[PDB]
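Contents: one structure, followed by commentary.
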There are 2 protein chains.
Amino acid sequence: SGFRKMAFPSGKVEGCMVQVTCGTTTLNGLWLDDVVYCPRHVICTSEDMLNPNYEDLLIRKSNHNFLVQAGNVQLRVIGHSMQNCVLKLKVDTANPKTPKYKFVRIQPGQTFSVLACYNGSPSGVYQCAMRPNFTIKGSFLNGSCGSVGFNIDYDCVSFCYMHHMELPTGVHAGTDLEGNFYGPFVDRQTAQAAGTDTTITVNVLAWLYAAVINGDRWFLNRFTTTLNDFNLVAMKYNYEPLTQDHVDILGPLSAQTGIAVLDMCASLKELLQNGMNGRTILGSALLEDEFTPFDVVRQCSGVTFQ
Amino acid sequence: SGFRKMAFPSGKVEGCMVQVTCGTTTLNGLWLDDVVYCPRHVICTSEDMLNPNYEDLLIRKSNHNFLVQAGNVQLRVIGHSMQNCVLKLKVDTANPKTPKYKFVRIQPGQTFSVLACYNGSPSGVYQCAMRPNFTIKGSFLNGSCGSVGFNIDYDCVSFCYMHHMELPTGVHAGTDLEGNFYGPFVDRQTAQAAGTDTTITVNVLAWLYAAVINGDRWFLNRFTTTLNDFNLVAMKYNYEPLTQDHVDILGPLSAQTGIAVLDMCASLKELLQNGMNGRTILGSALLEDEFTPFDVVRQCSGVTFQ
Ligand SMILES: *[C@@H](F)C(=O)N(c1cncc(Cl)c1)c1cccc(-c2cccc(Cl)c2)c1
Ligand SMILES: *[C@@H](F)C(=O)N(c1cncc(Cl)c1)c1cccc(-c2cccc(Cl)c2)c1
């Protein structure tokens with residue numbers, strides 16, 4: 001028992017992390033087979049990063065302008081190209097540590113692990129959710145650009161995120177690994193801002209089921225509610241609508257605890273109208289929304305990865 | 001910016017994790033050079049685990065009774081011995097993935113990363129603190145025994161914890177890697193229980209400094225307090241005393257934010273007497289005590305490991 005924000009073991013990703021330097025800009029790259037992936041703004045200068053024409057900037061570059069360090073070993077760049085907002089640096093050595101991998105794009109509400117890196121060196125690992133407004137509430141300092149987010153499915157790494165920039169509220173924006181930004185953000189210095197967020201309702205319900213599995217029951221009740229009536233309360237509290245498919249996805253957790261999904265909706269209703277009255281749930285005094293139903297089942301059942 | 005519960009990259013530990021089976025008991029072992037370390041209760045049966053004489057149980061065992069699987073490769077056991085509450089299984093192959101390492105024992109109030117494992121396969125990584133009552137609030141299911149906790153210092157892994165058991169409140173107890181239990185717990189089935197805990201005051205102050213670094217300032221004030229007067233409030237709220245050495249350790253964070261340590265104590269005082277009045281700090285509605293001053297400086301400055 002117990003319930004923690006759990007990341008995937010990071011080893012398979014650590015073996016892919018490299019340092020990419022262009023001019024005076026150093027950031028992180030992701031090295032798979034014979035290609036290094038990194039944010040294309042590596043080729044921009046201070047004044048470039050205002051309003052740049054990336055095609056123009058790249059044609060002025062040569063292979064030898066890109067310095068790639070795999071630990072203390074230098075990788076020779078033999079080709080370069082742009083794909084949307086990422087660069088693809090062709091190197092003359094395939095990474096012997098390349099795991100089985102995929103490039104997937106995730107949905108807001110889903111989670112992933114982040115391996116924060118600086119100068120190609122892994123610093124720490126933590127779990128994030130893609131917010132409904134397509135930002136992530138990460139932990140990133142200067143030089144973290146190119147750090148990646150990922151999930152692990154048995155032995156296969158699904159890369160879903162590469163870090164690009166911090167927004168003025170301190171939240172973070174990035175792309176999938178085909179270089180397509182999550183949300184309405186661009187790799188230019190504009191006045192872009194996050195835009196309004198909501199709470200991931202299905203995840204909050206999953207987390208209440210984690211609590212019940214772990215012995216927190218004070219918020220349960222005998223009342224029930226309809227889906228339509230619950231969603232009227234969700235709207236008034238900036239929670240997003242609950243679908244029948246969310247209800248179906250919560251089926252297994254429902255069946256394990258014996259608490260009907262709409263019953264737990266009734267409990268969430270009361271928590272929203274009454275607050276928590278000085279009590280806690282799974283060591284939180286807030287309703288937590290960054291665990292998916294998948295995350296609860298994995299942790300409250302115990303699936304591994306090899 | 002941003003502040004997350006961050007674990008160390010787990011790769012160096014993942015390469016050491018193995019499966020140890022004795023009879024019908026399977027748990028995890030830690031494989032370094034030619035020795036596998038694991039909880040000695042692996043040699044106990046159901047009825048053994050009531051009140052066992054471990055010396056008696058071990059003399060009845062042979063090398064071939066211990067099955068060790070390093071992934072899909074079987075390691076031949078060539079020697080076995082007890083050291084306090086751990087077994088040391090001598091195998092005929094030195095682990096080629098052995099990192100530079102140390103066996104350290106940590107202090108309550110300090111943090112470490114846990115690589116939760118099942119059947120020798122890494123499942124997930126997360127950050128824990130050693131509680132003042134020598135328990136950890138982990139996330140562990142059946143078969144996690146032998147999972148380890150660790151810190152990373154440049155390239156050196158300091159192992160500080162091996163998991164043994166869950167206590168009736170759902171918290172967790174274990175040993176250092178010389179097999180000496182943290183706190184007054186034994187690897188027998190007794191009515192042992194955690195015993196009263198307190199809040200790690202210096203860590204809460206460190207976390208308030210993380211908040212100020214990250215733009216949360218609503219809890220600051222102009223008042224100050226003396227150390228003696230702060231500690232009178234700490235006692236009334238089950239917070240442990242603050243020492244001059246805690247004040248000294250908070251010096252750098254103080255100097256970076258320009259908020260005197262005793263000033264921040266005054267702020268913590270008010271938070272304890274008034275609560276948080278529907279506001280949050282670093283996305284928490286509770287005063288958080290599982291980040292050391294070291295953790296805040298590492299994350300709010302950006303140190304890596306290689
Ligand atoms: C990479 F340089 C980097 O990690 N940056 C970063 C990322 N996350 C947090 C923080 Cl505090 C810093 C970074 C540094 C300078 C500029 C930029 C940037 C500005 C505009 C547009 C884009 Cl795509 C990046 C990011
Ligand atoms: C290893 F078997 C194991 O991981 N156990 C465990 C650990 N943490 C949480 C949970 Cl839910 C289970 C475990 C399983 C059965 C018995 C014991 C045990 C009982 C008494 C004394 C000791 Cl040292 C261990 C632990």
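In the structure tokens, chains take letters A, B, ... by order of appearance, with residues numbered from 1 within each chain and ligands from 1 in the order shown.
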Counting only C-alpha atoms and all ligand atoms, which residues of chain A sit at most 7 Å from some atom of ligand 1, and what is each one's closest atom pair with its distance in Å to one decimal, listed by chain and rising residue number, as JSON lines?
{"residue": "A:27", "atom": "CA", "partner": "ligand 1", "partner_atom_place_in_ligand_line": "1 (C)", "distance": 5.8}
{"residue": "A:41", "atom": "CA", "partner": "ligand 1", "partner_atom_place_in_ligand_line": "23 (Cl)", "distance": 5.9}
{"residue": "A:49", "atom": "CA", "partner": "ligand 1", "partner_atom_place_in_ligand_line": "20 (C)", "distance": 6.3}
{"residue": "A:140", "atom": "CA", "partner": "ligand 1", "partner_atom_place_in_ligand_line": "9 (C)", "distance": 4.6}
{"residue": "A:141", "atom": "CA", "partner": "ligand 1", "partner_atom_place_in_ligand_line": "11 (Cl)", "distance": 4.2}
{"residue": "A:142", "atom": "CA", "partner": "ligand 1", "partner_atom_place_in_ligand_line": "12 (C)", "distance": 3.8}
{"residue": "A:143", "atom": "CA", "partner": "ligand 1", "partner_atom_place_in_ligand_line": "4 (O)", "distance": 3.9}
{"residue": "A:144", "atom": "CA", "partner": "ligand 1", "partner_atom_place_in_ligand_line": "4 (O)", "distance": 3.6}
{"residue": "A:145", "atom": "CA", "partner": "ligand 1", "partner_atom_place_in_ligand_line": "4 (O)", "distance": 3.4}
{"residue": "A:163", "atom": "CA", "partner": "ligand 1", "partner_atom_place_in_ligand_line": "7 (C)", "distance": 7.0}
{"residue": "A:164", "atom": "CA", "partner": "ligand 1", "partner_atom_place_in_ligand_line": "23 (Cl)", "distance": 4.7}
{"residue": "A:165", "atom": "CA", "partner": "ligand 1", "partner_atom_place_in_ligand_line": "7 (C)", "distance": 4.2}
{"residue": "A:166", "atom": "CA", "partner": "ligand 1", "partner_atom_place_in_ligand_line": "8 (N)", "distance": 4.5}
{"residue": "A:172", "atom": "CA", "partner": "ligand 1", "partner_atom_place_in_ligand_line": "8 (N)", "distance": 6.6}
{"residue": "A:186", "atom": "CA", "partner": "ligand 1", "partner_atom_place_in_ligand_line": "23 (Cl)", "distance": 6.5}
{"residue": "A:187", "atom": "CA", "partner": "ligand 1", "partner_atom_place_in_ligand_line": "23 (Cl)", "distance": 3.4}
{"residue": "A:188", "atom": "CA", "partner": "ligand 1", "partner_atom_place_in_ligand_line": "21 (C)", "distance": 4.5}
{"residue": "A:189", "atom": "CA", "partner": "ligand 1", "partner_atom_place_in_ligand_line": "20 (C)", "distance": 4.5}
Residues of chain B near chain A: apply a cut-off of 7 Å, count only C-alpha atoms, and supply the list as a PyMOL selection string. chain B and resi 1-11+14+118+121-126+137-141+170+285-286+302-306
Requested write-out: N, CA and C atoms of the selected residues, as a compact mmCIF listing (two decimals), in the first residue's frame:
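The result, written out as part06.txt:
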# COMPACT_ATOMS: atom_id res chain seq x y z
N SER B 1 12.03 27.31 -13.75
CA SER B 1 11.21 27.31 -12.55
C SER B 1 10.25 26.10 -12.46
N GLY B 2 9.40 26.10 -11.44
CA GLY B 2 8.64 24.93 -11.05
C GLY B 2 9.37 24.12 -9.98
N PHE B 3 8.59 23.37 -9.21
CA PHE B 3 9.12 22.59 -8.09
C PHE B 3 8.36 21.28 -8.00
N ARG B 4 9.08 20.16 -8.20
CA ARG B 4 8.48 18.84 -8.26
C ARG B 4 9.19 17.91 -7.29
N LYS B 5 8.48 16.89 -6.81
CA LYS B 5 9.16 15.82 -6.10
C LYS B 5 9.99 15.04 -7.12
N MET B 6 11.30 15.23 -7.07
CA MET B 6 12.23 14.74 -8.06
C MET B 6 13.08 13.60 -7.52
N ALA B 7 13.10 12.48 -8.22
CA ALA B 7 13.98 11.38 -7.87
C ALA B 7 15.27 11.48 -8.68
N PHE B 8 16.29 10.78 -8.22
CA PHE B 8 17.49 10.67 -9.03
C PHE B 8 17.23 9.74 -10.21
N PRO B 9 17.93 9.96 -11.33
CA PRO B 9 17.84 9.01 -12.44
C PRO B 9 18.21 7.63 -11.95
N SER B 10 17.41 6.64 -12.33
CA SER B 10 17.48 5.34 -11.67
C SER B 10 18.36 4.35 -12.41
N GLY B 11 18.89 4.73 -13.58
CA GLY B 11 19.54 3.76 -14.44
C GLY B 11 20.64 2.95 -13.75
N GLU B 14 18.99 0.30 -11.62
CA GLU B 14 18.29 -0.71 -12.43
C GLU B 14 19.24 -1.82 -12.87
N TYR B 118 9.69 -5.55 -8.59
CA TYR B 118 8.96 -6.80 -8.42
C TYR B 118 9.61 -7.84 -9.32
N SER B 121 12.39 -6.87 -11.46
CA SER B 121 12.15 -5.94 -12.57
C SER B 121 11.74 -4.57 -12.05
N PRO B 122 12.47 -3.53 -12.41
CA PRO B 122 12.14 -2.18 -11.93
C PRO B 122 10.76 -1.77 -12.40
N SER B 123 9.96 -1.27 -11.47
CA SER B 123 8.59 -0.81 -11.72
C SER B 123 8.42 0.70 -11.77
N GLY B 124 9.06 1.44 -10.86
CA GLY B 124 8.89 2.88 -10.81
C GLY B 124 9.82 3.48 -9.78
N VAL B 125 10.06 4.77 -9.94
CA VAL B 125 10.98 5.49 -9.07
C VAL B 125 10.26 6.68 -8.45
N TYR B 126 10.53 6.92 -7.17
CA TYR B 126 9.93 8.06 -6.47
C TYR B 126 10.82 8.48 -5.29
N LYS B 137 7.05 6.73 4.19
CA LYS B 137 5.71 6.68 3.61
C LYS B 137 5.89 6.35 2.14
N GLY B 138 6.06 5.05 1.85
CA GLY B 138 6.38 4.59 0.52
C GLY B 138 5.16 4.14 -0.28
N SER B 139 5.45 3.45 -1.39
CA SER B 139 4.41 2.79 -2.17
C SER B 139 4.97 1.43 -2.57
N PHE B 140 4.46 0.39 -1.92
CA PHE B 140 5.03 -0.95 -1.98
C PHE B 140 3.89 -1.96 -1.94
N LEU B 141 3.93 -2.94 -2.83
CA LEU B 141 3.00 -4.06 -2.79
C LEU B 141 3.77 -5.34 -2.52
N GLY B 170 0.11 1.23 7.14
CA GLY B 170 0.43 1.38 5.75
C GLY B 170 1.76 2.04 5.46
N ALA B 285 -1.80 22.52 -0.48
CA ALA B 285 -2.59 23.14 0.57
C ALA B 285 -2.16 22.68 1.96
N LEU B 286 -1.06 21.93 2.04
CA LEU B 286 -0.40 21.52 3.28
C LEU B 286 1.02 22.06 3.32
N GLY B 302 20.18 23.51 -10.17
CA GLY B 302 20.20 22.62 -11.33
C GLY B 302 21.34 21.62 -11.48
N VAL B 303 21.76 20.99 -10.38
CA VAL B 303 22.93 20.11 -10.39
C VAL B 303 22.57 18.78 -11.03
N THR B 304 23.49 18.26 -11.86
CA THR B 304 23.35 16.99 -12.58
C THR B 304 24.29 15.94 -12.00
N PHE B 305 24.24 14.74 -12.60
CA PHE B 305 24.99 13.59 -12.11
C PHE B 305 25.43 12.74 -13.29
N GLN B 306 26.69 12.30 -13.27
CA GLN B 306 27.23 11.52 -14.37
C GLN B 306 28.11 10.37 -13.87
Computed gap from CA of residue 35 (chain A) to CA of residue 60 (chain A) is 20.6 Å
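Coordinates place CA of residue 195 (chain B) at a distance of 18.8 Å from CA of residue 290 (chain B).
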I'd like to know which residues of region 156-203 of chain A are strand (DSSP E or B) (by DSSP, run on the backbone); could you write them as a PyMOL selection string? chain A and resi 156-166+172-175+181+199
What is the CA of residue 16 (chain B)-CA of residue 29 (chain B) distance in Å, reported with one decimal?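 Interatomic distance here is 8.2 Å.
Shortest atom-to-atom contact with ligand 2 among B:22, B:87, B:178, B:147: B:147, counting only C-alpha atoms and all ligand atoms.
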Pick out the residues sitting within 8 Å of region 265-268 of chain B, and hand them over as an MDAnalysis selection string; count only C-alpha atoms, and ignore anything fewer than 3 positions along from it in its own chain. chainID B and resid 205 219:221 223:225 230 261:262 271:272
Spatial neighbours of residue 103 (chain A), 12 Å, only C-alpha atoms, chain gap at least 3 places, as a PyMOL selection string: chain A and resi 32+37+100+106+148-152+156-162+175-180
When you count only C-alpha atoms and all ligand atoms, which of these residues is closest to ligand 2: B:237, B:209, B:181, B:31?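 Checking each candidate against ligand 2, we get B:181 as the closest.
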Excluding residue 44 (chain B) and residues on its chain fewer than 4 positions from it, collect all residues at most 9 Å away from it, counting only C-alpha atoms, and give them as a short mmCIF file (atom, residue, chain, number, x, y, z; two decimals) with N, CA and C atoms, in the first residue's frame.
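New file out09.cif:
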data_model
loop_
_atom_site.label_atom_id
_atom_site.label_comp_id
_atom_site.auth_asym_id
_atom_site.auth_seq_id
_atom_site.Cartn_x
_atom_site.Cartn_y
_atom_site.Cartn_z
N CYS B 22 13.85 -18.42 -2.88
CA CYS B 22 14.19 -19.49 -1.95
C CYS B 22 12.88 -20.15 -1.55
N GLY B 23 12.76 -21.44 -1.86
CA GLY B 23 11.51 -22.16 -1.68
C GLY B 23 10.40 -21.58 -2.53
N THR B 25 9.33 -18.43 -1.87
CA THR B 25 9.45 -16.99 -1.65
C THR B 25 10.34 -16.39 -2.73
N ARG B 40 16.94 -11.11 4.73
CA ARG B 40 17.11 -12.49 5.19
C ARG B 40 15.77 -13.21 5.37
N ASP B 48 7.35 -20.05 9.64
CA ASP B 48 8.65 -19.57 10.10
C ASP B 48 8.57 -18.11 10.52
N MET B 49 7.94 -17.27 9.69
CA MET B 49 7.87 -15.83 9.88
C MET B 49 7.12 -15.41 11.14
N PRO B 52 11.03 -16.65 14.26
CA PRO B 52 12.10 -17.51 13.72
C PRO B 52 13.48 -17.29 14.32
N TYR B 54 16.86 -17.19 12.93
CA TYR B 54 17.44 -17.11 11.59
C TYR B 54 18.74 -17.88 11.46
N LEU B 57 17.62 -21.38 10.82
CA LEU B 57 17.04 -21.57 9.51
C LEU B 57 18.11 -21.57 8.43
#
Using only C-alpha atoms and all ligand atoms, pick whichever of B:19, B:28, B:292, B:95 has the shortest atom-to-atom distance to ligand 2. B:28
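Residues with any atom within 12 Å of residue 59 (chain B), counting only C-alpha atoms and excluding same-chain neighbours fewer than 6 positions away, are residues 43, 53, 65, 80, 81 and 82 of chain B.
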Need to verify the contact set: residue 131 (chain B), 12 Å, only C-alpha atoms, exclusion of same-chain residues closer than 3 positions in sequence. Can you return it as a VMD selection string? chain B and resid 106 to 112 128 134 to 138 171 to 173 182 to 183 194 to 201 203 240 289 to 291
Kindly save the residues from that selection, with C-alpha atoms included, as an mmCIF file, in the first residue's frame.
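Final file, selection.cif:
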data_model
loop_
_atom_site.group_PDB
_atom_site.id
_atom_site.type_symbol
_atom_site.label_atom_id
_atom_site.label_comp_id
_atom_site.auth_asym_id
_atom_site.auth_seq_id
_atom_site.Cartn_x
_atom_site.Cartn_y
_atom_site.Cartn_z
ATOM 1 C CA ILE B 106 20.829 8.293 6.603
ATOM 2 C CA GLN B 107 19.244 10.473 9.342
ATOM 3 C CA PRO B 108 15.514 11.007 9.813
ATOM 4 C CA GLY B 109 14.602 14.150 7.921
ATOM 5 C CA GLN B 110 16.826 13.246 4.948
ATOM 6 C CA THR B 111 15.492 12.135 1.568
ATOM 7 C CA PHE B 112 16.302 9.432 -0.968
ATOM 8 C CA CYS B 128 10.905 9.480 0.026
ATOM 9 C CA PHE B 134 12.194 5.937 11.246
ATOM 10 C CA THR B 135 9.389 4.850 8.922
ATOM 11 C CA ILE B 136 9.009 5.841 5.301
ATOM 12 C CA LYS B 137 5.707 6.678 3.610
ATOM 13 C CA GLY B 138 6.381 4.591 0.519
ATOM 14 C CA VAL B 171 3.898 2.892 6.260
ATOM 15 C CA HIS B 172 7.112 1.018 5.577
ATOM 16 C CA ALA B 173 10.152 -0.248 7.461
ATOM 17 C CA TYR B 182 15.879 1.896 10.742
ATOM 18 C CA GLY B 183 14.024 2.344 14.034
ATOM 19 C CA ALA B 194 5.072 3.077 13.996
ATOM 20 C CA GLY B 195 4.965 5.205 17.043
ATOM 21 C CA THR B 196 4.406 8.930 17.038
ATOM 22 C CA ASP B 197 5.815 11.127 14.274
ATOM 23 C CA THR B 198 6.563 14.834 14.013
ATOM 24 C CA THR B 199 6.969 17.345 11.175
ATOM 25 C CA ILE B 200 10.468 18.071 9.860
ATOM 26 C CA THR B 201 10.654 21.825 10.621
ATOM 27 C CA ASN B 203 12.473 20.998 5.614
ATOM 28 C CA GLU B 240 10.411 19.391 15.936
ATOM 29 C CA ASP B 289 8.249 18.619 4.908
ATOM 30 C CA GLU B 290 9.865 16.084 2.534
ATOM 31 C CA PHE B 291 12.361 18.423 0.785
#
